[PDB]
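**Q** this one is an experimental structure. Sequence first:
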Amino acid sequence: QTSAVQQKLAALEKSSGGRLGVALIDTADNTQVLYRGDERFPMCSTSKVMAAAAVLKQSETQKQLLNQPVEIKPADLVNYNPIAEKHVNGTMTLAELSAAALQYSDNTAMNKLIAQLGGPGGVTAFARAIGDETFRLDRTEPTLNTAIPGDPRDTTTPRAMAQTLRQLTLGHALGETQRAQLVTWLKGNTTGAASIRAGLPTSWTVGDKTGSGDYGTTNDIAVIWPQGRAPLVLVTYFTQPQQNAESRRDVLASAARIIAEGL
Ligand SMILES: *C(=O)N1C[C@H](NOS(=O)(=O)O)CC[C@H]1C(N)=O
């Protein structure tokens, strides 16, 4: 019941001063490694994968949805808007908003995705439609990042997020073109090199989405293509007891290294 990898993650967690959640799926054999795999964690920016995937699903039944313009007004800007601020009083397409949300983690872009789905509950509804009974999105940006201990809003579990990420990127939750677009976007992420990627050999290819929030919450969810192996799906969630705790991306890298060394 407690594997060697689980014992190592427990030792990492003990030295980290926070709470660590890990779910690995190895698609070479569909085996799973779970650490606090059924405990809820605040998703923060990693929830953007579900919102972008839901808009990709919408695009399966709409000619050129991704080219549809969305107006960006000054009042739409929130706390972190590296792409959207360039387009205030103009428009961005849903493809541009999806890329900005995933690759630059633009929070104004994420709010446009949420609105395109009918609000946070529309993102949750998409999760349910692809078999994820755990994910819940409750708020918009930026308050979905409050990451308060014990608060179920805007949370999921590592087990559920790993299974969902596998279905979206490697399975058939999306159509073929849409799945390929999602993987292309994730592989072009700009924010991930200090997190899961840092713990892996340079030769392994990664597409990922990071997140962070209050309580020193530090997250990453990744699809990994190891050299000479079938892909892996890896979720590393981390959160700490005090609201102003510092980020700990090194803990995510350490967890990824333990997983890689255990394969
Ligand atoms: C998402 O977690 N956020 C938006 C942006 N994400 O960048 S990260 O993925 O590199 O952390 C800034 C942090 C965070 C937020 N609190 O809005």
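**A** That came in fine, so what should we check first? Numbers count the residues shown, from 1 in each chain.
**Q** C-alpha only now, for contacts and for neighbours.
**A** OK.
**Q** what residues does this structure have near the ligand?
**A** Residues of the chain lying close to the ligand (CA under 6 Å from any ligand atom) are 44, 45, 105, 107, 142, 145, 191, 210, 211, 212, 213.
**Q** can you give me the strands in the protein?
**A** Along the chain, the stretches classed as strands by DSSP state E are 19-26, 31-35, 41-42, 69-72, 90-93, 155-156, 205-213, 217-225, 232-239.
**Q** follow-up on the earlier one: which of the residues of the chain next to the ligand ranks first by neighbour count?
**A** residue 210 (31 neighbours; other CA atoms under 10 Å).
**Q** list the contacts of that residue.
**A** 45, 46, 191, 192, 195, 218, 219, 220, 221 (CA atoms under 8 Å, 6 or more residues apart in numbering).
**Q** between those residues, which is nearest residue 36?
**A** Ranked by distance to residue 36 (CA to CA), the contacts of residue 210 are led by residue 219 at 14.2 Å.
**Q** is the residue of the stretch 151-263 of the chain at minimum distance from the ligand in a bridge, and if so with what?
**A** At 3.3 Å from the ligand, residue 211 is the closest residue in the stretch 151-263 of the chain, using CA to the nearest ligand atom. For residue 211, the beta-bridge assignment (DSSP bridges) gives partners residue 219.
**Q** let me see the contact set for the closest residue to residue 126 other than its chain neighbours.
**A** Nearest residue to residue 126 in three dimensions, chain neighbours excluded: residue 54, at 6.0 Å (CA to CA, 6 or more residues apart in numbering). By CA under 8 Å, 6+ apart, the contact set of residue 54 is 117, 123, 126.
**Q** export those to JSON lines and append columns for neighbour count and distance to residue 89.
**A** Shown next, in JSON lines, are these (neighbours: other CA atoms under 10 Å; distance: CA to CA, whole Å):
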{"residue": "117", "neighbour count": "20", "distance to residue 89": "22"}
{"residue": "123", "neighbour count": "28", "distance to residue 89": "26"}
{"residue": "126", "neighbour count": "20", "distance to residue 89": "30"}
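**Q** next, count neighbours for residue 62.
**A** Using other CA under 10 Å, residue 62 has 10 neighbouring residues.
**Q** gap between it and the ligand?
**A** Distance from residue 62 to the ligand, counting by CA to the nearest ligand atom, to the nearest Å: 29 Å.
**Q** dihedrals phi and psi, that residue?
**A** With angles defined as degrees, to the nearest 10, residue 62 sits at phi -130, psi 120.
**Q** roughly how far does the residue in the stretch 1-150 of the chain positioned nearest to the ligand sit from residue 177?
**A** Per CA to the nearest ligand atom, residue 45 is where the stretch 1-150 of the chain lies closest to the ligand, at 3.2 Å. Applying CA to CA, to the nearest Å, the value for residue 45 to residue 177 is 24 Å.
**Q** same thing with residue 62?
**A** Distance from residue 62 to residue 177, by CA to CA: 13 Å.
**Q** before we move on, what about residue 200?
**A** For residue 200, the distance to residue 177 (CA to CA) stands at 28 Å.
**Q** tell me which of those two has more neighbours.
**A** Neighbour tally, residue 200 and residue 177, criterion other CA under 10 Å: the higher count belongs to residue 200, 22 against 10.
**Q** count the residues that sit near the nearest residue to that one once chain neighbours are set aside.
**A** Closest residue to residue 200 in three dimensions, ignoring its sequence neighbours and counting by CA to CA, 6+ apart: residue 257, at 5.8 Å. For residue 257, the tally of surrounding residues (other CA under 10 Å) stands at 17.
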